[PDB]
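Raw data_29.cif, mmCIF, C-alpha atoms and all ligand atoms:
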data_work
loop_
_atom_site.group_PDB
_atom_site.id
_atom_site.type_symbol
_atom_site.label_atom_id
_atom_site.label_comp_id
_atom_site.auth_asym_id
_atom_site.auth_seq_id
_atom_site.Cartn_x
_atom_site.Cartn_y
_atom_site.Cartn_z
ATOM 1 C CA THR A 1 -44.335 5.473 -24.507
ATOM 2 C CA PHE A 2 -44.642 3.245 -27.599
ATOM 3 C CA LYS A 3 -44.256 6.242 -29.940
ATOM 4 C CA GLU A 4 -41.306 7.578 -27.912
ATOM 5 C CA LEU A 5 -39.624 4.181 -28.126
ATOM 6 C CA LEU A 6 -40.363 4.155 -31.861
ATOM 7 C CA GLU A 7 -38.633 7.543 -32.161
ATOM 8 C CA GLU A 8 -35.457 6.264 -30.488
ATOM 9 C CA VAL A 9 -35.497 3.172 -32.756
ATOM 10 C CA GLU A 10 -35.797 5.466 -35.763
ATOM 11 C CA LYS A 11 -32.860 7.606 -34.609
ATOM 12 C CA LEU A 12 -30.635 4.559 -34.081
ATOM 13 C CA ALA A 13 -31.585 2.920 -37.376
ATOM 14 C CA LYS A 14 -30.910 6.265 -39.052
ATOM 15 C CA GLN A 15 -27.507 6.522 -37.372
ATOM 16 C CA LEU A 16 -26.943 2.967 -38.641
ATOM 17 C CA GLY A 17 -27.977 3.797 -42.208
ATOM 18 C CA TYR A 18 -31.191 1.712 -42.351
ATOM 19 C CA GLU A 19 -33.305 3.942 -44.553
ATOM 20 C CA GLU A 20 -36.118 1.498 -45.405
ATOM 21 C CA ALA A 21 -36.481 0.690 -41.718
ATOM 22 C CA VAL A 22 -36.459 4.408 -40.892
ATOM 23 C CA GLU A 23 -39.353 4.966 -43.329
ATOM 24 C CA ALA A 24 -41.503 2.189 -41.829
ATOM 25 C CA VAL A 25 -40.892 3.099 -38.177
ATOM 26 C CA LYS A 26 -41.748 6.717 -38.980
ATOM 27 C CA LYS A 27 -44.930 5.647 -40.752
ATOM 28 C CA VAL A 28 -45.944 3.309 -37.928
ATOM 29 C CA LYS A 29 -45.176 6.074 -35.387
ATOM 30 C CA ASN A 30 -47.572 8.352 -37.298
ATOM 31 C CA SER A 31 -50.236 5.676 -37.889
ATOM 32 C CA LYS A 32 -53.792 6.223 -36.683
ATOM 33 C CA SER A 33 -54.540 2.603 -35.749
ATOM 34 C CA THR A 34 -52.992 -0.838 -35.416
ATOM 35 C CA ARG A 35 -54.594 -1.831 -38.732
ATOM 36 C CA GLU A 36 -52.649 0.914 -40.509
ATOM 37 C CA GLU A 37 -49.500 0.120 -38.487
ATOM 38 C CA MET A 38 -49.649 -3.458 -39.673
ATOM 39 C CA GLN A 39 -50.376 -2.467 -43.295
ATOM 40 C CA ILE A 40 -47.156 -0.422 -43.190
ATOM 41 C CA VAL A 41 -45.158 -3.281 -41.683
ATOM 42 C CA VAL A 42 -46.387 -5.640 -44.419
ATOM 43 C CA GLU A 43 -45.354 -3.260 -47.208
ATOM 44 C CA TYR A 44 -41.842 -2.960 -45.821
ATOM 45 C CA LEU A 45 -41.529 -6.654 -44.988
ATOM 46 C CA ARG A 46 -42.052 -7.168 -48.724
ATOM 47 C CA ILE A 47 -39.111 -4.863 -49.486
ATOM 48 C CA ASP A 48 -36.601 -6.027 -46.846
ATOM 49 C CA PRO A 49 -37.534 -9.381 -45.269
ATOM 50 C CA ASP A 50 -34.242 -9.876 -43.348
ATOM 51 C CA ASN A 51 -34.169 -6.465 -41.693
ATOM 52 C CA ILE A 52 -33.928 -6.815 -37.904
ATOM 53 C CA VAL A 53 -35.765 -3.565 -37.284
ATOM 54 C CA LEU A 54 -38.670 -4.591 -39.499
ATOM 55 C CA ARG A 55 -38.878 -8.032 -37.874
ATOM 56 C CA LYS A 56 -38.936 -6.648 -34.339
ATOM 57 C CA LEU A 57 -41.312 -3.857 -35.366
ATOM 58 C CA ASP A 58 -43.650 -6.488 -36.844
ATOM 59 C CA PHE A 59 -43.662 -8.519 -33.636
ATOM 60 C CA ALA A 60 -44.231 -5.412 -31.463
ATOM 61 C CA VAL A 61 -47.187 -4.282 -33.592
ATOM 62 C CA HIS A 62 -48.613 -7.791 -33.278
ATOM 63 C CA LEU A 63 -48.380 -7.480 -29.491
ATOM 64 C CA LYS A 64 -49.929 -4.010 -29.573
ATOM 65 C CA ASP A 65 -52.722 -5.456 -31.764
ATOM 66 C CA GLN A 66 -53.405 -7.957 -28.943
ATOM 67 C CA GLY A 67 -53.618 -5.269 -26.284
ATOM 68 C CA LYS A 68 -50.248 -6.412 -24.910
ATOM 69 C CA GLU A 69 -48.730 -2.954 -25.062
ATOM 70 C CA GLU A 70 -46.205 -3.529 -22.254
ATOM 71 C CA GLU A 71 -44.704 -6.554 -24.007
ATOM 72 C CA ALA A 72 -44.739 -4.625 -27.294
ATOM 73 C CA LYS A 73 -42.682 -1.902 -25.622
ATOM 74 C CA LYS A 74 -40.299 -4.454 -24.099
ATOM 75 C CA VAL A 75 -39.674 -5.757 -27.631
ATOM 76 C CA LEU A 76 -38.639 -2.267 -28.755
ATOM 77 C CA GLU A 77 -36.453 -1.751 -25.674
ATOM 78 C CA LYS A 78 -34.558 -4.892 -26.675
ATOM 79 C CA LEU A 79 -34.349 -3.659 -30.278
ATOM 80 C CA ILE A 80 -32.961 -0.331 -29.021
ATOM 81 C CA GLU A 81 -30.349 -2.208 -26.990
ATOM 82 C CA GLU A 82 -29.319 -4.281 -30.020
ATOM 83 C CA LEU A 83 -29.079 -1.173 -32.217
ATOM 84 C CA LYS A 84 -27.035 0.669 -29.608
ATOM 85 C CA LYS A 85 -24.584 -2.224 -29.214
ATOM 86 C CA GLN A 86 -24.033 -2.374 -32.971
ATOM 87 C CA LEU A 87 -23.350 1.397 -32.844
ATOM 88 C CA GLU A 88 -21.036 1.824 -29.865
ATOM 89 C CA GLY B 1 -49.848 -27.628 -54.456
ATOM 90 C CA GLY B 2 -53.274 -26.091 -54.795
ATOM 91 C CA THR B 3 -55.171 -24.173 -52.151
ATOM 92 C CA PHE B 4 -53.719 -22.245 -49.204
ATOM 93 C CA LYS B 5 -54.351 -25.277 -46.994
ATOM 94 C CA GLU B 6 -52.752 -27.823 -49.347
ATOM 95 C CA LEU B 7 -49.726 -25.572 -49.687
ATOM 96 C CA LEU B 8 -49.674 -25.461 -45.884
ATOM 97 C CA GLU B 9 -49.831 -29.257 -45.716
ATOM 98 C CA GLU B 10 -46.817 -29.468 -48.004
ATOM 99 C CA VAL B 11 -44.869 -26.925 -45.914
ATOM 100 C CA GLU B 12 -45.744 -28.973 -42.837
ATOM 101 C CA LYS B 13 -44.365 -32.177 -44.381
ATOM 102 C CA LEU B 14 -41.113 -30.623 -45.620
ATOM 103 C CA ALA B 15 -40.526 -28.759 -42.348
ATOM 104 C CA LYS B 16 -41.125 -32.046 -40.515
ATOM 105 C CA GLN B 17 -38.586 -33.804 -42.736
ATOM 106 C CA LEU B 18 -36.049 -31.051 -42.030
ATOM 107 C CA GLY B 19 -36.831 -31.294 -38.305
ATOM 108 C CA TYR B 20 -38.482 -27.908 -37.637
ATOM 109 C CA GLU B 21 -40.745 -29.112 -34.834
ATOM 110 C CA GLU B 22 -42.025 -25.715 -33.635
ATOM 111 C CA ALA B 23 -42.780 -24.559 -37.174
ATOM 112 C CA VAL B 24 -44.520 -27.872 -37.923
ATOM 113 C CA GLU B 25 -46.932 -27.304 -35.035
ATOM 114 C CA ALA B 26 -47.542 -23.669 -35.957
ATOM 115 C CA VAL B 27 -48.263 -24.581 -39.596
ATOM 116 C CA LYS B 28 -50.545 -27.410 -38.454
ATOM 117 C CA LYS B 29 -52.435 -24.979 -36.215
ATOM 118 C CA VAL B 30 -52.605 -22.253 -38.863
ATOM 119 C CA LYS B 31 -53.938 -24.805 -41.371
ATOM 120 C CA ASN B 32 -56.700 -25.924 -38.981
ATOM 121 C CA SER B 33 -57.747 -22.346 -38.133
ATOM 122 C CA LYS B 34 -61.226 -20.819 -38.228
ATOM 123 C CA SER B 35 -60.184 -17.237 -39.035
ATOM 124 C CA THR B 36 -57.252 -15.110 -40.088
ATOM 125 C CA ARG B 37 -57.439 -13.605 -36.590
ATOM 126 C CA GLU B 38 -56.752 -17.071 -35.133
ATOM 127 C CA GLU B 39 -54.026 -17.764 -37.715
ATOM 128 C CA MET B 40 -52.203 -14.595 -36.680
ATOM 129 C CA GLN B 41 -52.675 -15.464 -33.002
ATOM 130 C CA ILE B 42 -50.831 -18.754 -33.633
ATOM 131 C CA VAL B 43 -48.014 -17.156 -35.649
ATOM 132 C CA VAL B 44 -47.394 -14.653 -32.848
ATOM 133 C CA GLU B 45 -47.130 -17.286 -30.115
ATOM 134 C CA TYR B 46 -44.567 -19.185 -32.205
ATOM 135 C CA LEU B 47 -42.623 -16.061 -33.256
ATOM 136 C CA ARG B 48 -42.015 -15.453 -29.549
ATOM 137 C CA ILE B 49 -40.427 -18.912 -29.191
ATOM 138 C CA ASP B 50 -38.325 -18.971 -32.405
ATOM 139 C CA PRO B 51 -38.165 -15.507 -34.009
ATOM 140 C CA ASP B 52 -35.598 -16.418 -36.688
ATOM 141 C CA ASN B 53 -37.202 -19.578 -38.073
ATOM 142 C CA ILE B 54 -37.532 -19.184 -41.841
ATOM 143 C CA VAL B 55 -40.819 -21.098 -41.984
ATOM 144 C CA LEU B 56 -42.380 -18.958 -39.253
ATOM 145 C CA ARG B 57 -41.222 -15.743 -40.967
ATOM 146 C CA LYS B 58 -42.755 -16.656 -44.333
ATOM 147 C CA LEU B 59 -45.919 -18.018 -42.686
ATOM 148 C CA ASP B 60 -46.339 -14.713 -40.870
ATOM 149 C CA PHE B 61 -46.020 -12.819 -44.137
ATOM 150 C CA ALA B 62 -48.416 -15.154 -45.987
ATOM 151 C CA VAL B 63 -50.991 -14.770 -43.206
ATOM 152 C CA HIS B 64 -50.661 -10.979 -43.434
ATOM 153 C CA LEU B 65 -51.352 -11.200 -47.163
ATOM 154 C CA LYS B 66 -54.337 -13.492 -46.569
ATOM 155 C CA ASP B 67 -55.497 -10.997 -43.924
ATOM 156 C CA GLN B 68 -55.461 -8.282 -46.625
ATOM 157 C CA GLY B 69 -57.500 -10.388 -49.032
ATOM 158 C CA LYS B 70 -54.419 -11.026 -51.177
ATOM 159 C CA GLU B 71 -54.944 -14.771 -51.160
ATOM 160 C CA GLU B 72 -53.050 -15.355 -54.419
ATOM 161 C CA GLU B 73 -49.935 -13.481 -53.286
ATOM 162 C CA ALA B 74 -50.067 -15.388 -49.981
ATOM 163 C CA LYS B 75 -50.095 -18.688 -51.860
ATOM 164 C CA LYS B 76 -47.152 -17.412 -53.927
ATOM 165 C CA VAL B 77 -45.205 -16.807 -50.697
ATOM 166 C CA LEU B 78 -45.859 -20.392 -49.563
ATOM 167 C CA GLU B 79 -44.849 -21.662 -53.011
ATOM 168 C CA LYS B 80 -41.543 -19.823 -52.683
ATOM 169 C CA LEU B 81 -41.111 -21.259 -49.181
ATOM 170 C CA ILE B 82 -41.833 -24.776 -50.444
ATOM 171 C CA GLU B 83 -39.157 -24.286 -53.117
ATOM 172 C CA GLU B 84 -36.623 -23.218 -50.465
ATOM 173 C CA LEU B 85 -37.423 -26.159 -48.164
ATOM 174 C CA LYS B 86 -37.120 -28.581 -51.068
ATOM 175 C CA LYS B 87 -33.699 -27.037 -51.802
ATOM 176 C CA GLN B 88 -32.244 -27.687 -48.327
ATOM 177 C CA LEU B 89 -33.745 -31.200 -48.498
ATOM 178 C CA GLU B 90 -32.181 -32.382 -51.765
HETATM 179 ZN ZN ZN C 1 -46.349 -10.266 -38.707
#
Re-express the file's structure as structure tokens.
Ligand SMILES: [Zn+2]
Amino acid sequence: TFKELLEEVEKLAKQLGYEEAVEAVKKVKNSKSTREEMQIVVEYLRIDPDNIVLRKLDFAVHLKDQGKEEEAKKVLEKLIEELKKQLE
Amino acid sequence: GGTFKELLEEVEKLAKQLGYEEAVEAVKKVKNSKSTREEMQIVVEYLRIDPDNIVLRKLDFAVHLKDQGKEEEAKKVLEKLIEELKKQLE
């Protein structure tokens, strides 16, 4: 699921020491709507504009906002793969 | 240098001069948009094509801010982007 993929992202970014990213993913994972998800993304984009997790999370939430949930999840699967490859 | 749209016109001209063709067309489309919902629709289609383009990234953020009714902070983002583009140009 989207939230399950978010949880894996959060674990990998945590293992990588991305604490701002961890905070935003966790808050998006616990959001009640796409509006709130996107509000969270915007706040963290302000704090860390170059962060690869934030940038991919932004694009995925955009896709979820459009009802393109499968593509949104494919974005996170690719982010998970990138995080893993930095880690192994 | 004034409204959101004029700032967008200036981004569009500098990005054109630098040769950012995708970002030029996105900014042109955002500028001619009827709603923040349309503006965001355009940003997303162009983020898919070129996710690392600096103009697209700042445009996305400015449109978010406009979406939240923070029009003045959105203009400030574009003003910072215009400053950066003018730096790489001269
Ligand atoms: Zn965005």
With all atoms listed in the file considered, list every residue of chain B at most 12 Å from chain A, as a ChimeraX atom specification.
/B:37-38,40-54,56-58,60-68,70,73-74,77
Atom CA of residue 77 of chain A to atom CA of residue 20 of chain B, straight-line distance in Å:
28.8 Å
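A straight line drawn from atom CA of residue 29 of chain A to atom CA of residue 6 of chain A is 6.3 Å long.
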Please report the interatomic distance between atom CA of residue 72 of chain A and atom CA of residue 2 of chain A in Å with one decimal.
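Separation of atom CA of residue 72 of chain A and atom CA of residue 2 of chain A: 7.9 Å.
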Counting all atoms listed in the file, the option among A:28, A:21, A:57, A:47 closest to ligand ZN 1 (chain C):
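When distances to ligand ZN 1 (chain C) are compared using all atoms listed in the file, the smallest one comes from A:57.
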Selection dump of the PyMOL selection byres (((chain B and resi 78) around 8) and not hetatm), as a VMD selection string
chain B and resid 7 to 8 11 58 to 59 62 74 to 77 79 to 82
Test item: which residues lie within 6 Å of (-43.0, -23.5, -40.5) counting all atoms listed in the file, as a ChimeraX atom specification:
/B:23-24,27,55-56
Which residue is closest to residue 7 of chain A? Choose from A:76, A:64, A:88, A:35 and count only C-alpha atoms.
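Checking each candidate against residue 7 of chain A, we get A:76 as the closest.
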Using the chain letters and residue numbers of this document, give as a VMD selection string the residues selected by the PyMOL selection byres (((chain B and resi 5) around 10) and not hetatm).
chain B and resid 1 to 4 6 to 11 27 to 28 30 to 33 75
Taking (-29.9, 3.0, -41.8) in the file's own coordinates, collect the residues within 12 Å, counting only C-alpha atoms, and hand them back as a ChimeraX atom specification.
/A:9-25,51-54,83,86-87
Quick one: write out the picked residues with C-alpha atoms as a CSV table (one decimal), in the frame of the given file?
chain,number,residue,atom,x,y,z
A,9,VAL,CA,-35.5,3.2,-32.8
A,10,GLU,CA,-35.8,5.5,-35.8
A,11,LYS,CA,-32.9,7.6,-34.6
A,12,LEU,CA,-30.6,4.6,-34.1
A,13,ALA,CA,-31.6,2.9,-37.4
A,14,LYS,CA,-30.9,6.3,-39.1
A,15,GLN,CA,-27.5,6.5,-37.4
A,16,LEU,CA,-26.9,3.0,-38.6
A,17,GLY,CA,-28.0,3.8,-42.2
A,18,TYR,CA,-31.2,1.7,-42.4
A,19,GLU,CA,-33.3,3.9,-44.6
A,20,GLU,CA,-36.1,1.5,-45.4
A,21,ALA,CA,-36.5,0.7,-41.7
A,22,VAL,CA,-36.5,4.4,-40.9
A,23,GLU,CA,-39.4,5.0,-43.3
A,24,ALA,CA,-41.5,2.2,-41.8
A,25,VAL,CA,-40.9,3.1,-38.2
A,51,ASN,CA,-34.2,-6.5,-41.7
A,52,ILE,CA,-33.9,-6.8,-37.9
A,53,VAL,CA,-35.8,-3.6,-37.3
A,54,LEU,CA,-38.7,-4.6,-39.5
A,83,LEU,CA,-29.1,-1.2,-32.2
A,86,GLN,CA,-24.0,-2.4,-33.0
A,87,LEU,CA,-23.4,1.4,-32.8
Select, from B:39, B:19, B:86, B:12, the residue with the minimum atom-to-atom distance to ligand ZN 1 (chain C), counting all atoms listed in the file.
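Looking at the shortest contact to ligand ZN 1 (chain C), the residue is B:39.
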Box time for segment 27-46 of chain B: axis-aligned, enclosing all its listed atoms, 5 Å extra on each side; report centre and edge lengths in Å to one decimal, as AutoDock Vina command-line options.
--center_x -52.9 --center_y -20.5 --center_z -35.7 --size_x 26.7 --size_y 23.8 --size_z 21.3
